[PDB]
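What follows is a single chain, given as structure tokens, in the form deposited in one PDB entry.
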């Protein structure tokens, strides 16, 4: 990156729009900020005239005036928004109600079960773990899984799979290549991890149902010097394994770019599958289902979209 004086100033702006709920403008900035990672400004995709102008103001002037006049509410909104389970609406509401610190939130705010947990682990959830710790967390989930049923497939996705040194959490994808081998596997896996005292909190866990798709919660390895880590587990049918793998590996931007591409071909891509001949209206909204395509591997999904394959490492963007 040859433009950090510029990007870091836009970045602040990106986050400010994001936390204030102007999500499409934030999206716009995020693209431009990755491009950078006047005539020449426009030349790059993701960078329009209005973005170009802001770069020239930084290049020429050295300050950025929209930066100067960012609402002073924004740092507090970002403080609040980093509570897991709280987003831009809740953060604004709290602000409106006069709250300005986590101490206020603690003593005065009404909190959902999820938000109380997020607050309890506020610092921990802002940290990233060394990818080696992610390895141990995966192995812990895997061995519990495989004990119940061997041959089961367990794999760490997200930033871990993309080869990052550090991970914000652990994403464990579980599947069985032997058809429909899992009935109430969540019941047993989670009970298993609870008995070990490995899980510390649950954020999202609809266990009253049966067809629980995901578990999102909190875990902590045994011994001194350990922090609470976020853990997401999903169990999928084997036929959906490549698409689940692709989804859960990300990046989020990579996924959305790829999904947006499929939409351009009358196709559709989700955690579940890649479909063809999807019927959508003038607003881009699905009005008729297409038809699931065979995708035994990730390479198939790429191939069926007419794309060259990309290793997980090359999917940060």
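If you superpose the two forms and keep the largest set of C-alpha atoms that fall within 1.5 Å, you have the rigid core. Numbering follows the first chain given and starts at 1.
From this point on, the text means the form deposited in another entry, which you will not see here.
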Pick from 123, 206, 108, 96: whose Cα moves by 2 Å or more between the shown form and the other one, rigid core superposed?
206
Is residue 278 among the residues whose Cα moves by 2 Å or more between the shown form and the other one after superposition of the rigid core?
yes
Tell me whether residue 182 is among the residues that move between the shown form and the other one (Cα shift of 2 angstroms or more, core superposed).
yes
Rigid core superposition, residue 257 Cα moves 2 angstroms or more between the shown form and the other one
no
Relative to what we see here, could you say if residue 284 and residue 51 have their Cα atoms closer or farther apart in the other entry, with a change of 3 Å or more?
farther
Indicate closer or farther: the Cα atoms of residue 258 and residue 283, in the other entry, relative to the displayed form, with a change of 3 Å or more.
farther
